[PDB]
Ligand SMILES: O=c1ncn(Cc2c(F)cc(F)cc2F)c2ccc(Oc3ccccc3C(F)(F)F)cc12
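Next comes just one chain, in structure tokens: the form deposited without this ligand.
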């Protein structure tokens, strides 16, 4: 069937859309080539619509059925809890899209009678009605990139009341079931440090390793009605409250498998028969579907001793080499099996015999040295997108601060330490906002974090070595230096000067600011300060940062204020 059908009504914005990076002094201090930075808008939605619309011709076989049964046997161990309306409301981000039913996310979080009454009515409707398709809004996503232009991605999501019901029925399932089914292959259970540990250990555990990333083209569009019902058959293996079993059954047929598309003007836009990007099950469903197809495809291709790592549609496989010619033919057989399963490739996969040459979750393993000179592996990435977005977030107030998430997740990197930390600490200190909580996203869930708490967060996630790394790889230094020239970012000597200046100001303030000066900026001086374990680090409640993926799932993981 067709992934989408369209009526001809346009994908519309619900307000003016900004496409160009503003010419602003603060963003200009970071990046001078402002014309190279753009944001996607609804103006490119028709180009995306064409790419995402195609027929799917899925063929399943014995390997697929065998893997599915193995996955279901593990899912059979799960006991999932139904969330109360109150627990589900508390998981709603404060700036979540309002309902069309007279209330918003703040009303949901406050347990307002209008919000709660409506959510209850939606819940009762899921229990009673097993068929009526649930309306969804389709919007063009606004994302910032550097030129060389990508058309806007399309987001599809149901109303706020439905999103709260999805949490009640499925938040516990999507949080716990992926690891029960996929074990060590489930990517979202790992912090970046644990991910690099798993990749390096897996790589070195093979006699002669071969690894590859597999890029599925337009993964959400490749997801079939069969795949969604297969996904539900795994969820159905959980022990569930009867209303949760009905709600999962109803949500599967009325929302997850497909449904009508409405634009921001309320016009009938089309019909979806593939994965919606903006529902609670997107991450979990995508991961299960990708793991299932890839595990079966590995068997069809006769790949030896596979270890996979999956995060949604992002797949990396590390196996035992059978020889160069054999590996090349076995990868072609894997691709052919994936294509039959409706997971055709974007970039054709290529065997890799150097772990540092593999990109997974847009990241690569690199090496640096700590204060003792010992090798430390860490995850890095090309800094182009992070810097273009950091420039955008400097010029405009954005709901999610990608810069903060990048500092947290890429804390050991040369670029996050020298550029991101220096830039934002300089500006926030000047504005008396170092202690002001900001929203960022970790594995798709929203968190409200104070920049002053970064030292303990980094110590907990990455270890104290994140504050001592030096002698970065020549390849990594070259990539950073090249990006800076491309974007018109000041050279690293300028960043060192700016860091020495903000470090001095931070130290002069005492308190948490002085902890930031000491730990975050020790790289900037010769007269190193002693870095001991931060008392605040061990007390940090990181319960739930690295449990599961929630991208598009409308999840907020920071604490609710007691009413």
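Numbering follows the first chain given and starts at 1.
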Item to check | Chain break class at residue 148/residue 149 - deposited residues not modelled | outcome: 4 to 9
Next on the checklist: Mean Cα B factor from the PDB record: higher for 467 to 475, or higher for 248 to 256?
Outcome noted: 467 to 475
Checklist outcome for this item: Quick note on 365 to 373 and 191 to 199: per-entry mean CA temperature factor is higher in 365 to 373
Next on the checklist: So if I compare the CA B-factors in the entry for 287, 224, 307, 384, which one is the largest?
Outcome noted: 307
Next on the checklist: Just to confirm, going by the entry's C-alpha B-factors, which of 112, 236, 281, 380 comes out highest?
Outcome noted: 112
Checklist entry - According to the PDB entry, is the CA B factor of residue 405 in the bottom, middle or top third of its chain, that is, lowest, middle or highest? => result lowest
Next on the checklist: Based on the deposited C-alpha B factors for this chain, I'd like to know if residue 494 is in the lowest, middle or highest third.
Outcome noted: lowest
Checklist entry - What third of its chain's C-alpha B-factors does residue 555 belong to: lowest, middle or highest? => result lowest
Checklist entry - By its CA B factor, does residue 51 count among the lowest, middle or highest third of the modelled residues in the chain? => result highest
Next on the checklist: Split into thirds by Cα B-factor across the chain's modelled residues, where does residue 36 land: lowest, middle or highest?
Outcome noted: highest
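What follows is about the form deposited with this ligand bound, which we do not show.
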Next on the checklist: Within 4.5 Å, heavy atoms only, which of 130, 77, 471, 110 is in contact with this ligand in the deposited bound form?
Outcome noted: 471
Item to check | Selected contact from 477, 328, 180, 73, since only one has a non-hydrogen atom within 4.5 angstroms of this ligand in the deposited bound form | outcome: 477
Next on the checklist: Within 4.5 Å, heavy atoms only: does residue 293 come near this ligand in the deposited bound form?
Outcome noted: no
Item to check | Exercise: residue 414 in contact with this ligand in the deposited bound form, heavy atom 4.5 Å | outcome: yes
Checklist entry - Should residue 484 be classed as touching this ligand in the deposited bound form when contacts are defined as heavy atoms within 4.5 Å? => result yes
Item to check | Partner contact for residue 519 in the deposited bound form: this ligand, 4.5 angstroms, heavy atom | outcome: no
Item to check | Option from 484 to 492, 298 to 306, 171 to 179, 100 to 108 whose residues, in the deposited bound form, bring a heavy atom within 4.5 Å of this ligand | outcome: 484 to 492
